[PDB]
């Protein structure tokens, strides 16, 4: 059926909860309110307060309790209201969650998922716009996924809930209802760690994910009109990312532009760019170009100037093509 990302995510949660009694949802306002973005709407009414629980306002309590629940027997899907608010519970995430399996020699595990809306373009200012994935990818022990379509949302969230490794699941909020795509009602999952080809091309490779997908796809379309064949690759999983998919595309095109709304310095795309340069120098016809969010806190007034524009992406594509 045709559904928005919110509907797809809600369906994924409903399905997994119907399948496994151990699956529980917890976070601020996820119960009666149905979530500030309605992702958990109706779940409390259907599964009860012992499976959909509103928690006190503490990200440390949310992430840490989820970790404790996961280690003991449940399969919690914790929600952090906005990715910007993961920080108060940062130590729980990086010191307890990420390192549990490793520090215990595999004696204890963390089958939990931490969902969080992310990305700019929604006039959220400093704390309703952040894309902190870099913080997670840099932390060994955490799988990191960022979806951009309703189809991937359901498939990957279901995959994450079944995955025994801790997964930080980012949902670009500007994409929650931006489009209605066909999403099978039947049970299906998608592979974590695999990119998705959105457009095949041979003149340029556009690596991206999450928040910026709309502008990237639009840029690809405009390049086509100008006789330029760009290959668009949605990474989907940031850790572990699809190394093969990335290197195969860049090897074919010889030029690549990486796009993300996350701050430039030590960002995830900086990691992919550095890796491409280190392993495929001989295949590069142009420098790996990065179109990223600026190295500033997310601005309110200039929201639309901070988020990568189709123009900014096209200027980068031109530099790569004209090199």
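Numbering follows the first chain given and starts at 1.
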property: Greater mean Cα temperature factor according to the PDB record, 67-75 or 176-184; result: 176-184
property: Segment of higher mean CA temperature factor, 225-233 or 89-97; result: 225-233
property: Selection by C-alpha B-factor (highest) of 310, 307, 12, 23; result: 310
property: Out of 158, 103, 198, 115, residue topping the C-alpha B-factor column of the entry; result: 198
property: Third of chain Cα B-factors occupied by residue 45; result: highest
property: Among modelled residues of the same chain, the CA temperature factor third for residue 248; result: highest
property: Residue 290 CA temperature factor, ranked by third within the chain; result: middle
property: Chain thirds of CA B-factor: placement of residue 215; result: highest
property: Third assignment of residue 56 from its chain's C-alpha B-factors; result: lowest
